[PDB]
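Alright, here's a single protein chain in two forms, structure 1 and structure 2, each given by itself as structure tokens.
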Structure 1
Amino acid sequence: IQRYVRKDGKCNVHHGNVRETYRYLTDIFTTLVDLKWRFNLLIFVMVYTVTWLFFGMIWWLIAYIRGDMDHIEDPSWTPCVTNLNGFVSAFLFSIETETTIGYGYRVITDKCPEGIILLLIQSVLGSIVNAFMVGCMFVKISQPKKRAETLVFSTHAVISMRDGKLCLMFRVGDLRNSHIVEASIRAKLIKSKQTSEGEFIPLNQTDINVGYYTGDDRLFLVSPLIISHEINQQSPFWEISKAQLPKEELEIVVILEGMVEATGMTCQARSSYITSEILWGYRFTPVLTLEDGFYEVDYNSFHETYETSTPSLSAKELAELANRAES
């Protein structure tokens, strides 16, 4: 309510009264991988057992059409699967075959032509039942959405006059010595707005130019670096003074997107900054020290902000007051 997207990156959105629920089953794969693990591990368990006893019913039924059960002690009646006698054995024959274990205490014989077809359609279909599930287990393990746990954001965002221009800043860092190839940063300001025609938008997304023009959005992320957005005329913080910033009802949403290095999958690290986390007159503490040929990044001071001197007027007043300085 207070917050749109959590500081973890989770979003406070319930997707209400979706009516076309066939659309979830229209792409059964992607709605399967985004399940919980317990539900993934249960449906993985459920599909193999329902596969084996399905074929185990067919390995049972070919004994009844052939009458191998009707002459079980009669040894001249060579069965389709020898030593298959009961359903506990018939179901056991499928697991030995669909998993390609194949013990051969029960071994299919050649006198029966019917189950030879059943060796095909168990094995040619059991491979895709494997592949629909062994691939589903892989891409839930190798998903990029968990790489964001090692991409940390600053807990607060700060505002200070960086080189004459008032700038909004927040720190982002990577906790690994592996890289984020094609690392891009972008930022959306979301706030309720009301147009001149009465059309009130509840959570309107508005861009924040964190360097999309000059090429500064694509960033190099070995060390924690401060993402500075210059509060200029096009910025949505252009008329925000230090009087309004406790009273505003806005929310920054930052999205650090970039490909995982060891794969080609693209991670997305979301974080947010609400108007009680925006700090006026503060700046970040440095983290890089030089020691024995290497720059050491103390991550304990990653969030540490200290108060510096800063004017309290908005950037709209600060430019015009600078315009009176030349007179």
Structure 2
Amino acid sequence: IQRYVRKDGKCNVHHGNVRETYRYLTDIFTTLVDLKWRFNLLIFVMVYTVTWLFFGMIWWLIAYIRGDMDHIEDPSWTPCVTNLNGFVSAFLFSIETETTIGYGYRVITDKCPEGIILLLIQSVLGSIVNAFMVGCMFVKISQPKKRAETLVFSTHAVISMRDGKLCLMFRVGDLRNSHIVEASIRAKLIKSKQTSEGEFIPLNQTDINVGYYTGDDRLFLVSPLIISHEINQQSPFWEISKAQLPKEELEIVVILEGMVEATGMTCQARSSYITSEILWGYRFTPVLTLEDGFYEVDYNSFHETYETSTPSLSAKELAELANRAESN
């Protein structure tokens, strides 16, 4: 069954039938950083080869017009660049000059104006293109979207009781000794709806509260946590009986985001629960122990859940019954 968000973040959406493609070329940098690696390497090689070959051709041209080929042996002919005979020899001079290697078996003389003004232009353009390419490679290597590989979520969430209130709970944890600076979490409910006038919204997004009003959703993440949402008169689950649950077709998306510590960039991680990942009347299992001055986690029970007792009735009915019996 389709789910519109996979269990690891990838979305099932296919952007098709766009008529304005020239936008993809107005911001070419983003497009470059977005491709795969097999294509980035190919583009680097092509750009460098073209840049070298162009200046090789112009060097050979300057040599040819002046008349250096006709005098390849005359000593009384101080030429332009020394030891430059054919095409393949003039091709090597460009490589040795632009990449700054400069062996020195073929070197430039000082009786050849417009040679210096070609050399300046070559150095400047070399520097520019070099900067562009190395910057692209570095940015593609050090992006933050990778940290989300070690921010484990949990499988199926649970619904249970907490001192007279129904709640919906799930669990989240990290895996490295580093820190996520300024972490925060939110959750959305996705389900189709139809207004009373006739409109039909395919995928309506509603927001559910996990502590936005009291500032309790800026969490401090060291040990595995348990996020919980209370079912009051504003929660979309305000009346969902136990037997009523498996019939509905809804989905919960969960988003956690914060800054990486070493650099200062922002990362985001996502997940989803559909209808078969919501168990009624369960609890998680503790994972913390104390040993000689260190708390010890066990990511062995991180997904494990056990069963307990819980009423089977909607929150609305529970509240109505409690208020009727506490005043009768």
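Definition used throughout: the rigid core is the maximal C-alpha set that superposes within 1.5 Å between two forms. For numbering, take structure 1's sequence and count from 1.
- Annotation: Cα of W59 displaced by at least 2 Å between the two structures, core superposition.
- After superposition on the rigid core, the Cα of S192 moves by less than 2 Å between the two structures.
- On core superposition, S301 has its C-alpha offset by 0.7 angstrom between the two structures.
- For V139, the Cα deviation between the two structures after core superposition amounts to 2.2 Å.
- After superposing on the rigid core, the C-alpha of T266 is displaced by 1.0 Å between the two structures.
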